[PDB]
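Colleague: Input coords-v1.pdb, format and content: PDB, C-alpha atoms and all ligand atoms.
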MODEL        1
ATOM      1  CA  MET A   1      -5.357  36.765  -2.741
ATOM      2  CA  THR A   2      -8.070  36.435  -0.042
ATOM      3  CA  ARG A   3     -11.062  38.509  -1.126
ATOM      4  CA  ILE A   4     -12.722  40.387   1.744
ATOM      5  CA  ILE A   5     -16.164  41.290   0.468
ATOM      6  CA  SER A   6     -18.622  43.494   2.383
ATOM      7  CA  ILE A   7     -22.300  42.623   1.711
ATOM      8  CA  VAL A   8     -24.063  45.991   1.999
ATOM      9  CA  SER A   9     -27.180  48.037   1.233
ATOM     10  CA  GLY A  10     -28.950  51.342   1.825
ATOM     11  CA  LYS A  11     -31.942  49.814   3.640
ATOM     12  CA  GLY A  12     -32.763  47.040   6.082
ATOM     13  CA  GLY A  13     -34.612  43.879   5.071
ATOM     14  CA  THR A  14     -33.089  43.861   1.588
ATOM     15  CA  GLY A  15     -31.289  40.517   1.992
ATOM     16  CA  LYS A  16     -27.752  41.226   3.211
ATOM     17  CA  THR A  17     -27.781  38.302   5.645
ATOM     18  CA  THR A  18     -29.503  36.002   3.113
ATOM     19  CA  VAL A  19     -26.929  36.865   0.474
ATOM     20  CA  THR A  20     -24.039  36.410   2.892
ATOM     21  CA  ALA A  21     -25.409  33.031   3.998
ATOM     22  CA  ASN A  22     -26.177  31.574   0.531
ATOM     23  CA  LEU A  23     -23.082  32.989  -1.187
ATOM     24  CA  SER A  24     -20.881  31.562   1.607
ATOM     25  CA  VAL A  25     -22.385  28.086   1.315
ATOM     26  CA  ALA A  26     -22.241  28.070  -2.524
ATOM     27  CA  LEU A  27     -18.579  29.178  -2.597
ATOM     28  CA  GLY A  28     -17.819  26.538   0.055
ATOM     29  CA  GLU A  29     -19.371  23.908  -2.224
ATOM     30  CA  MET A  30     -17.135  25.220  -5.035
ATOM     31  CA  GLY A  31     -14.135  24.222  -2.888
ATOM     32  CA  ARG A  32     -13.331  27.686  -1.463
ATOM     33  CA  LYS A  33     -12.392  28.253   2.155
ATOM     34  CA  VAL A  34     -14.933  30.837   3.357
ATOM     35  CA  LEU A  35     -15.287  32.803   6.588
ATOM     36  CA  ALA A  36     -18.718  34.432   6.953
ATOM     37  CA  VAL A  37     -18.420  37.357   9.367
ATOM     38  CA  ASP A  38     -21.361  38.783  11.301
ATOM     39  CA  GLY A  39     -20.598  42.486  11.103
ATOM     40  CA  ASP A  40     -24.074  43.408  12.364
ATOM     41  CA  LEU A  41     -23.131  44.148  15.972
ATOM     42  CA  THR A  42     -26.592  45.219  17.215
ATOM     43  CA  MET A  43     -28.614  42.532  15.405
ATOM     44  CA  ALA A  44     -26.402  39.398  15.252
ATOM     45  CA  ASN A  45     -28.324  37.170  12.853
ATOM     46  CA  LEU A  46     -25.726  35.191  10.834
ATOM     47  CA  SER A  47     -25.172  32.305  13.280
ATOM     48  CA  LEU A  48     -28.923  31.656  13.326
ATOM     49  CA  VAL A  49     -29.440  31.555   9.556
ATOM     50  CA  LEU A  50     -26.312  29.343   9.306
ATOM     51  CA  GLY A  51     -27.744  27.134  12.081
ATOM     52  CA  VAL A  52     -24.679  27.463  14.287
ATOM     53  CA  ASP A  53     -25.816  26.475  17.805
ATOM     54  CA  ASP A  54     -22.543  25.764  19.626
ATOM     55  CA  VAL A  55     -21.538  29.441  20.072
ATOM     56  CA  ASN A  56     -20.097  30.963  23.264
ATOM     57  CA  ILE A  57     -17.140  33.283  22.534
ATOM     58  CA  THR A  58     -17.991  35.788  19.781
ATOM     59  CA  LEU A  59     -16.697  38.569  17.580
ATOM     60  CA  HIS A  60     -18.094  40.897  20.287
ATOM     61  CA  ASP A  61     -15.690  39.413  22.835
ATOM     62  CA  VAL A  62     -12.775  39.942  20.426
ATOM     63  CA  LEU A  63     -13.863  43.553  19.876
ATOM     64  CA  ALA A  64     -14.030  44.056  23.657
ATOM     65  CA  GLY A  65     -10.471  42.792  24.081
ATOM     66  CA  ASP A  66     -11.717  39.794  26.014
ATOM     67  CA  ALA A  67     -10.874  36.951  23.658
ATOM     68  CA  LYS A  68      -8.450  35.814  20.961
ATOM     69  CA  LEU A  69      -9.764  36.059  17.404
ATOM     70  CA  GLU A  70      -8.866  32.394  16.695
ATOM     71  CA  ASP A  71     -11.149  31.402  19.639
ATOM     72  CA  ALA A  72     -14.142  33.086  17.952
ATOM     73  CA  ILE A  73     -13.935  31.187  14.674
ATOM     74  CA  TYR A  74     -16.271  28.183  14.374
ATOM     75  CA  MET A  75     -16.620  25.342  11.891
ATOM     76  CA  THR A  76     -20.183  25.321  10.441
ATOM     77  CA  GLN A  77     -22.284  22.366   9.232
ATOM     78  CA  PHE A  78     -21.438  23.568   5.722
ATOM     79  CA  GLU A  79     -18.495  22.349   3.685
ATOM     80  CA  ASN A  80     -15.524  24.795   3.746
ATOM     81  CA  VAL A  81     -17.590  27.449   5.574
ATOM     82  CA  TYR A  82     -16.429  28.958   8.853
ATOM     83  CA  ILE A  83     -18.202  31.631  10.871
ATOM     84  CA  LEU A  84     -17.045  34.549  13.035
ATOM     85  CA  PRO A  85     -20.400  35.058  14.872
ATOM     86  CA  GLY A  86     -21.910  37.926  16.803
ATOM     87  CA  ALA A  87     -23.343  37.813  20.310
ATOM     88  CA  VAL A  88     -27.024  38.674  20.742
ATOM     89  CA  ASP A  89     -27.033  39.920  24.363
ATOM     90  CA  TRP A  90     -26.980  43.687  24.854
ATOM     91  CA  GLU A  91     -24.095  43.651  27.324
ATOM     92  CA  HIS A  92     -21.883  42.232  24.584
ATOM     93  CA  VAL A  93     -23.356  44.682  22.094
ATOM     94  CA  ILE A  94     -22.291  47.818  23.968
ATOM     95  CA  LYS A  95     -18.823  46.608  24.980
ATOM     96  CA  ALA A  96     -17.861  45.699  21.407
ATOM     97  CA  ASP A  97     -15.677  48.434  19.931
ATOM     98  CA  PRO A  98     -16.888  48.788  16.281
ATOM     99  CA  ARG A  99     -13.805  50.789  15.381
ATOM    100  CA  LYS A 100     -11.595  47.694  15.801
ATOM    101  CA  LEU A 101     -13.490  45.735  13.131
ATOM    102  CA  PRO A 102     -11.237  46.566  10.124
ATOM    103  CA  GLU A 103      -8.014  45.590  11.905
ATOM    104  CA  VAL A 104      -9.566  42.437  13.328
ATOM    105  CA  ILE A 105     -11.020  41.247  10.031
ATOM    106  CA  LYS A 106      -8.053  42.200   7.855
ATOM    107  CA  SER A 107      -5.586  40.392  10.136
ATOM    108  CA  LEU A 108      -7.216  37.238   8.719
ATOM    109  CA  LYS A 109      -5.778  37.756   5.224
ATOM    110  CA  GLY A 110      -4.025  34.701   3.814
ATOM    111  CA  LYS A 111      -6.263  32.327   5.789
ATOM    112  CA  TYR A 112      -9.348  32.138   3.555
ATOM    113  CA  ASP A 113     -10.173  32.424  -0.130
ATOM    114  CA  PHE A 114     -13.119  34.580   0.910
ATOM    115  CA  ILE A 115     -14.136  36.530   3.948
ATOM    116  CA  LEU A 116     -17.729  37.728   3.517
ATOM    117  CA  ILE A 117     -18.905  40.487   5.857
ATOM    118  CA  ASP A 118     -22.637  40.622   6.649
ATOM    119  CA  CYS A 119     -23.106  44.342   7.306
ATOM    120  CA  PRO A 120     -25.880  46.340   8.977
ATOM    121  CA  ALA A 121     -27.590  48.885   6.718
ATOM    122  CA  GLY A 122     -26.974  52.608   6.745
ATOM    123  CA  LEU A 123     -23.984  54.823   7.361
ATOM    124  CA  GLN A 124     -23.747  55.167  11.158
ATOM    125  CA  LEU A 125     -20.683  54.045  13.159
ATOM    126  CA  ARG A 126     -21.579  50.327  13.260
ATOM    127  CA  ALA A 127     -22.328  50.129   9.521
ATOM    128  CA  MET A 128     -19.229  52.072   8.396
ATOM    129  CA  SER A 129     -16.930  50.086  10.680
ATOM    130  CA  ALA A 130     -18.222  46.835   9.209
ATOM    131  CA  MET A 131     -18.362  47.922   5.557
ATOM    132  CA  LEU A 132     -14.880  49.464   5.741
ATOM    133  CA  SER A 133     -13.544  46.143   6.959
ATOM    134  CA  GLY A 134     -13.855  44.815   3.416
ATOM    135  CA  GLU A 135     -11.792  45.672   0.317
ATOM    136  CA  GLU A 136     -14.557  44.800  -2.167
ATOM    137  CA  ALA A 137     -18.299  45.294  -1.862
ATOM    138  CA  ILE A 138     -21.491  43.818  -3.243
ATOM    139  CA  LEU A 139     -24.543  46.050  -3.117
ATOM    140  CA  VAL A 140     -27.823  44.362  -2.234
ATOM    141  CA  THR A 141     -31.019  46.077  -3.354
ATOM    142  CA  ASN A 142     -34.733  45.494  -3.856
ATOM    143  CA  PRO A 143     -36.595  46.602  -7.065
ATOM    144  CA  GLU A 144     -37.731  50.003  -5.687
ATOM    145  CA  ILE A 145     -36.113  53.306  -6.751
ATOM    146  CA  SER A 146     -35.588  54.649  -3.226
ATOM    147  CA  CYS A 147     -33.675  51.476  -2.298
ATOM    148  CA  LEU A 148     -31.618  51.560  -5.511
ATOM    149  CA  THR A 149     -30.499  55.202  -5.034
ATOM    150  CA  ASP A 150     -29.892  54.939  -1.298
ATOM    151  CA  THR A 151     -27.754  51.876  -2.067
ATOM    152  CA  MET A 152     -25.843  53.460  -4.941
ATOM    153  CA  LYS A 153     -25.193  56.243  -2.419
ATOM    154  CA  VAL A 154     -23.678  53.730  -0.021
ATOM    155  CA  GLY A 155     -21.715  52.378  -2.965
ATOM    156  CA  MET A 156     -20.283  55.781  -3.851
ATOM    157  CA  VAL A 157     -19.201  56.289  -0.228
ATOM    158  CA  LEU A 158     -17.398  52.913  -0.197
ATOM    159  CA  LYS A 159     -15.904  53.698  -3.611
ATOM    160  CA  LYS A 160     -14.417  56.937  -2.226
ATOM    161  CA  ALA A 161     -13.013  54.936   0.697
ATOM    162  CA  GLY A 162     -11.005  52.699  -1.597
ATOM    163  CA  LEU A 163     -13.199  49.646  -2.083
ATOM    164  CA  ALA A 164     -13.782  47.952  -5.424
ATOM    165  CA  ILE A 165     -17.548  47.785  -6.019
ATOM    166  CA  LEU A 166     -18.023  44.410  -7.728
ATOM    167  CA  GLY A 167     -21.594  45.202  -8.659
ATOM    168  CA  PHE A 168     -25.108  44.813  -7.284
ATOM    169  CA  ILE A 169     -27.735  42.165  -6.728
ATOM    170  CA  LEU A 170     -31.391  42.791  -7.529
ATOM    171  CA  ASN A 171     -32.988  40.773  -4.716
ATOM    172  CA  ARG A 172     -36.649  40.128  -3.922
ATOM    173  CA  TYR A 173     -37.530  40.477  -7.594
ATOM    174  CA  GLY A 174     -41.070  39.606  -8.671
ATOM    175  CA  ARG A 175     -42.483  40.493  -5.288
ATOM    176  CA  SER A 176     -44.645  43.304  -6.702
ATOM    177  CA  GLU A 177     -45.671  44.335 -10.197
ATOM    178  CA  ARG A 178     -44.255  47.773  -9.356
ATOM    179  CA  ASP A 179     -40.810  46.156  -9.322
ATOM    180  CA  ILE A 180     -38.284  47.970 -11.474
ATOM    181  CA  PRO A 181     -37.017  45.558 -14.154
ATOM    182  CA  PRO A 182     -33.327  44.487 -14.325
ATOM    183  CA  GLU A 183     -32.406  46.752 -17.259
ATOM    184  CA  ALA A 184     -33.950  49.871 -15.716
ATOM    185  CA  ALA A 185     -32.201  48.957 -12.460
ATOM    186  CA  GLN A 186     -28.937  48.477 -14.319
ATOM    187  CA  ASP A 187     -29.435  51.967 -15.842
ATOM    188  CA  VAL A 188     -29.962  53.596 -12.439
ATOM    189  CA  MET A 189     -26.980  51.775 -10.885
ATOM    190  CA  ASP A 190     -23.461  52.563 -12.165
ATOM    191  CA  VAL A 191     -22.076  49.123 -11.314
ATOM    192  CA  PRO A 192     -22.623  45.719 -12.975
ATOM    193  CA  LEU A 193     -25.767  43.722 -12.186
ATOM    194  CA  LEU A 194     -24.351  40.536 -10.656
ATOM    195  CA  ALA A 195     -27.694  38.760 -10.327
ATOM    196  CA  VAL A 196     -31.448  38.868 -10.150
ATOM    197  CA  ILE A 197     -32.708  36.778  -7.232
ATOM    198  CA  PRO A 198     -36.505  36.267  -7.266
ATOM    199  CA  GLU A 199     -38.785  36.652  -4.311
ATOM    200  CA  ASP A 200     -38.914  32.952  -3.427
ATOM    201  CA  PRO A 201     -40.575  31.285  -0.377
ATOM    202  CA  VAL A 202     -37.843  28.627  -0.507
ATOM    203  CA  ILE A 203     -35.271  31.291   0.403
ATOM    204  CA  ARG A 204     -37.505  32.265   3.359
ATOM    205  CA  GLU A 205     -37.815  28.621   4.452
ATOM    206  CA  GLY A 206     -34.023  28.358   4.371
ATOM    207  CA  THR A 207     -33.723  31.368   6.657
ATOM    208  CA  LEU A 208     -36.175  29.824   9.122
ATOM    209  CA  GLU A 209     -34.568  26.369   9.004
ATOM    210  CA  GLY A 210     -31.027  27.649   9.593
ATOM    211  CA  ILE A 211     -30.087  26.125   6.215
ATOM    212  CA  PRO A 212     -29.545  28.448   3.257
ATOM    213  CA  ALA A 213     -31.699  27.742   0.182
ATOM    214  CA  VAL A 214     -28.552  26.720  -1.758
ATOM    215  CA  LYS A 215     -28.024  23.530   0.267
ATOM    216  CA  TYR A 216     -31.542  23.298   1.710
ATOM    217  CA  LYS A 217     -33.323  22.793  -1.666
ATOM    218  CA  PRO A 218     -30.540  22.636  -4.343
ATOM    219  CA  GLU A 219     -32.965  22.402  -7.274
ATOM    220  CA  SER A 220     -35.118  25.402  -6.377
ATOM    221  CA  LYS A 221     -34.820  28.613  -8.397
ATOM    222  CA  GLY A 222     -33.711  30.484  -5.334
ATOM    223  CA  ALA A 223     -30.797  28.120  -4.870
ATOM    224  CA  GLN A 224     -29.947  28.047  -8.568
ATOM    225  CA  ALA A 225     -29.853  31.856  -8.695
ATOM    226  CA  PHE A 226     -27.427  31.994  -5.749
ATOM    227  CA  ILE A 227     -25.268  29.267  -7.294
ATOM    228  CA  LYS A 228     -24.992  31.269 -10.544
ATOM    229  CA  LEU A 229     -24.073  34.343  -8.498
ATOM    230  CA  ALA A 230     -21.399  32.351  -6.637
ATOM    231  CA  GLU A 231     -19.991  31.135  -9.965
ATOM    232  CA  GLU A 232     -19.815  34.779 -11.073
ATOM    233  CA  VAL A 233     -18.385  36.295  -7.910
ATOM    234  CA  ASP A 234     -15.772  33.557  -7.866
ATOM    235  CA  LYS A 235     -13.481  35.091 -10.472
ATOM    236  CA  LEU A 236     -10.515  35.937  -8.281
ATOM    237  CA  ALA A 237      -9.536  32.382  -7.414
ATOM    238  CA  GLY A 238      -8.688  31.553 -11.021
ATOM    239  CA  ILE A 239      -8.312  27.776 -10.868
ATOM    240  CA  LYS A 240     -12.129  27.407 -10.688
ATOM    241  CA  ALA A 241     -10.987  24.443  -8.647
ATOM    242  CA  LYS A 242     -11.633  21.708  -6.135
ATOM    243  CA  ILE A 243      -9.265  19.883  -8.527
TER     244      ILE A 243
HETATM  245  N1  LIG A 301     -35.236  36.501  -2.631
HETATM  246  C1  LIG A 301     -35.945  36.294  -1.465
HETATM  247  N2  LIG A 301     -37.057  35.478  -1.479
HETATM  248  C2  LIG A 301     -37.740  35.284  -0.343
HETATM  249  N3  LIG A 301     -37.455  35.821   0.866
HETATM  250  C3  LIG A 301     -36.365  36.623   0.851
HETATM  251  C4  LIG A 301     -35.573  36.912  -0.214
HETATM  252  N4  LIG A 301     -34.547  37.780   0.185
HETATM  253  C5  LIG A 301     -34.766  37.987   1.416
HETATM  254  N5  LIG A 301     -35.842  37.348   1.867
HETATM  255  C6  LIG A 301     -36.291  37.372   3.287
HETATM  256  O1  LIG A 301     -36.448  38.638   3.795
HETATM  257  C7  LIG A 301     -35.880  38.733   5.126
HETATM  258  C8  LIG A 301     -34.660  39.551   4.841
HETATM  259  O2  LIG A 301     -33.762  39.384   5.860
HETATM  260  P1  LIG A 301     -32.270  39.537   5.612
HETATM  261  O3  LIG A 301     -31.775  38.790   4.476
HETATM  262  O4  LIG A 301     -31.710  39.270   6.973
HETATM  263  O5  LIG A 301     -32.152  41.142   5.321
HETATM  264  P2  LIG A 301     -31.165  42.183   5.889
HETATM  265  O6  LIG A 301     -29.921  41.399   6.358
HETATM  266  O7  LIG A 301     -30.815  43.051   4.628
HETATM  267  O8  LIG A 301     -31.841  42.918   7.018
HETATM  268  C9  LIG A 301     -35.700  37.241   5.586
HETATM  269  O9  LIG A 301     -36.937  36.825   6.218
HETATM  270  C10 LIG A 301     -35.548  36.372   4.238
HETATM  271  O10 LIG A 301     -36.115  35.048   4.332
HETATM  272 MG    MG A 302     -29.166  41.322   8.355
ENDMDL
END
Rewrite the structure from the file as structure tokens, please.
Ligand SMILES: Nc1ncnc2c1ncn2[C@@H]1O[C@H](COP(=O)(O)OP(=O)(O)O)[C@@H](O)[C@H]1O
Ligand SMILES: [Mg+2]
Modeller:
Amino acid sequence: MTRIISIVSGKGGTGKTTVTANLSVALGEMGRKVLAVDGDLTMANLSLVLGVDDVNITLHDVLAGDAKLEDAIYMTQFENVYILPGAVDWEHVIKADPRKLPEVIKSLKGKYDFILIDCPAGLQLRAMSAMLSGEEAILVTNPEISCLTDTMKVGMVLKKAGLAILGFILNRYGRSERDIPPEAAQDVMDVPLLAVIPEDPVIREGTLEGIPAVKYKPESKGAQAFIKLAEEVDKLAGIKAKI
């Protein structure tokens, strides 16, 4: 039962790409075959944070009808993690039909244990097309009320569209003393808190190095938090196996 999970939020800069990157790597380490998909058509960032530098053909070419989907799937430096990357040049950006995202992504069912979709924030055409490509969703938020509500709003929309909202992640926690604590955040949100990920410079270093915190610095608290989240998310694979 390949789980297609959209990583979404109400605002930008909340950690959608970071979550997609670390969760993909962690699950890959747990023995799961993972495809991380860059659903952010205008700001393709996934390949960079995953340090994938051998990219030519992209998701954008598939969406433009110019390439086969199987020719846009790359092996990454991370165990059991594959990437369906986005192009960064504007010419590819405009020719990519967003509307074809759900059919492209879903035609991959049966080939991975997880397909994680890094989505752009908001509710415009690009964002909806990406988010609606998944069948489950994880809401990423920061500890500020406006972010929480705007995100729960996105969550309701996806809920009405037929997706199972697994829960939310309280990211960037401990960044400010005005940060809403977990419990209060859990009260505001109507879905389970899946994890509290602290504001952690190690996570930022990972982003910059093209190596997610999880594998970059395995003992850090940033990594440990993402590993715990991966353990949790990984519940529809049963075997909890690599053996
Ligand atoms: N828990 C965290 N600790 C430290 N830095 C973080 C954390 N979460 C996100 N960041 C940073 O904030 C930025 C967020 O970018 P990103 O994850 O791409 O957000 P989005 O995809 O939602 O726009 C990156 O520079 C990343 O290093
Ligand atoms: Mg992003």
Colleague: If you apply the PyMOL selection byres (((chain A and resi 211) around 10) and not hetatm) to this file, what residues do you get, as number ranges by chain?
Modeller: A: 21-22, 25, 48-52, 77-78, 203, 205-210, 212-217
Colleague: Please produce a file of those selected residues containing C-alpha atoms, as a PDB file, keeping the file's coordinate frame.
Modeller:
ATOM      1  CA  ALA A  21     -25.409  33.031   3.998  1.00  0.00           C
ATOM      2  CA  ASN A  22     -26.177  31.574   0.531  1.00  0.00           C
ATOM      3  CA  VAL A  25     -22.385  28.086   1.315  1.00  0.00           C
ATOM      4  CA  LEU A  48     -28.923  31.656  13.326  1.00  0.00           C
ATOM      5  CA  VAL A  49     -29.440  31.555   9.556  1.00  0.00           C
ATOM      6  CA  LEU A  50     -26.312  29.343   9.306  1.00  0.00           C
ATOM      7  CA  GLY A  51     -27.744  27.134  12.081  1.00  0.00           C
ATOM      8  CA  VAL A  52     -24.679  27.463  14.287  1.00  0.00           C
ATOM      9  CA  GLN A  77     -22.284  22.366   9.232  1.00  0.00           C
ATOM     10  CA  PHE A  78     -21.438  23.568   5.722  1.00  0.00           C
ATOM     11  CA  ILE A 203     -35.271  31.291   0.403  1.00  0.00           C
ATOM     12  CA  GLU A 205     -37.815  28.621   4.452  1.00  0.00           C
ATOM     13  CA  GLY A 206     -34.023  28.358   4.371  1.00  0.00           C
ATOM     14  CA  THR A 207     -33.723  31.368   6.657  1.00  0.00           C
ATOM     15  CA  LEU A 208     -36.175  29.824   9.122  1.00  0.00           C
ATOM     16  CA  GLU A 209     -34.568  26.369   9.004  1.00  0.00           C
ATOM     17  CA  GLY A 210     -31.027  27.649   9.593  1.00  0.00           C
ATOM     18  CA  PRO A 212     -29.545  28.448   3.257  1.00  0.00           C
ATOM     19  CA  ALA A 213     -31.699  27.742   0.182  1.00  0.00           C
ATOM     20  CA  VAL A 214     -28.552  26.720  -1.758  1.00  0.00           C
ATOM     21  CA  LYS A 215     -28.024  23.530   0.267  1.00  0.00           C
ATOM     22  CA  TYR A 216     -31.542  23.298   1.710  1.00  0.00           C
ATOM     23  CA  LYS A 217     -33.323  22.793  -1.666  1.00  0.00           C
TER      24      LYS A 217
END
Colleague: How would you write, as a PyMOL selection string, the set of residues no farther than 10 Å from ligand LIG 301 (chain A) when counting only C-alpha atoms and all ligand atoms?
Modeller: chain A and resi 7-22+40+43-46+49+118-121+140-142+170-175+196-209+212-213+221-223+225-226
Colleague: Could you spell out the hits of the PyMOL selection byres (((chain A and resi 27-34) around 8) and not hetatm) on the shown file, as a PDB file with C-alpha atoms, in the coordinates of the input?
Modeller:
ATOM      1  CA  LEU A  23     -23.082  32.989  -1.187  1.00  0.00           C
ATOM      2  CA  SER A  24     -20.881  31.562   1.607  1.00  0.00           C
ATOM      3  CA  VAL A  25     -22.385  28.086   1.315  1.00  0.00           C
ATOM      4  CA  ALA A  26     -22.241  28.070  -2.524  1.00  0.00           C
ATOM      5  CA  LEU A  35     -15.287  32.803   6.588  1.00  0.00           C
ATOM      6  CA  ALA A  36     -18.718  34.432   6.953  1.00  0.00           C
ATOM      7  CA  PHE A  78     -21.438  23.568   5.722  1.00  0.00           C
ATOM      8  CA  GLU A  79     -18.495  22.349   3.685  1.00  0.00           C
ATOM      9  CA  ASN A  80     -15.524  24.795   3.746  1.00  0.00           C
ATOM     10  CA  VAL A  81     -17.590  27.449   5.574  1.00  0.00           C
ATOM     11  CA  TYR A  82     -16.429  28.958   8.853  1.00  0.00           C
ATOM     12  CA  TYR A 112      -9.348  32.138   3.555  1.00  0.00           C
ATOM     13  CA  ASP A 113     -10.173  32.424  -0.130  1.00  0.00           C
ATOM     14  CA  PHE A 114     -13.119  34.580   0.910  1.00  0.00           C
ATOM     15  CA  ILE A 115     -14.136  36.530   3.948  1.00  0.00           C
ATOM     16  CA  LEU A 116     -17.729  37.728   3.517  1.00  0.00           C
ATOM     17  CA  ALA A 230     -21.399  32.351  -6.637  1.00  0.00           C
ATOM     18  CA  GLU A 231     -19.991  31.135  -9.965  1.00  0.00           C
ATOM     19  CA  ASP A 234     -15.772  33.557  -7.866  1.00  0.00           C
ATOM     20  CA  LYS A 240     -12.129  27.407 -10.688  1.00  0.00           C
ATOM     21  CA  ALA A 241     -10.987  24.443  -8.647  1.00  0.00           C
ATOM     22  CA  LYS A 242     -11.633  21.708  -6.135  1.00  0.00           C
TER      23      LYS A 242
END
Colleague: Compile the contact shell of region 181-194 of chain A as JSON, numbers by chain: residues with an atom at most 9 Å away, counting all atoms listed in the file, same-chain residues fewer than 6 positions apart removed.
Modeller: {"A": [138, 143, 144, 145, 148, 149, 151, 152, 155, 165, 166, 167, 168, 169, 170, 173, 229, 232, 233]}
Colleague: Just write the chosen residues, C-alpha atoms, as a compact mmCIF listing (two decimals), keeping the file's coordinate frame.
Modeller:
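Final file, out03.txt:
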# COMPACT_ATOMS: atom_id res chain seq x y z
CA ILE A 138 -21.49 43.82 -3.24
CA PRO A 143 -36.60 46.60 -7.06
CA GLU A 144 -37.73 50.00 -5.69
CA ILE A 145 -36.11 53.31 -6.75
CA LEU A 148 -31.62 51.56 -5.51
CA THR A 149 -30.50 55.20 -5.03
CA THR A 151 -27.75 51.88 -2.07
CA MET A 152 -25.84 53.46 -4.94
CA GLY A 155 -21.72 52.38 -2.96
CA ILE A 165 -17.55 47.78 -6.02
CA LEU A 166 -18.02 44.41 -7.73
CA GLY A 167 -21.59 45.20 -8.66
CA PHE A 168 -25.11 44.81 -7.28
CA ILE A 169 -27.74 42.16 -6.73
CA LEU A 170 -31.39 42.79 -7.53
CA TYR A 173 -37.53 40.48 -7.59
CA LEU A 229 -24.07 34.34 -8.50
CA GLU A 232 -19.82 34.78 -11.07
CA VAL A 233 -18.39 36.30 -7.91
Colleague: Please indicate the distance in Å from CA of residue 57 (chain A) to CA of residue 1 (chain A), rounded to one decimal place.
Modeller: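 These two atoms are separated by 28.1 Å.
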Colleague: Between CA of residue 68 (chain A) and CA of residue 92 (chain A), what is the spacing in Å?
Modeller: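 The value is 15.3 Å.
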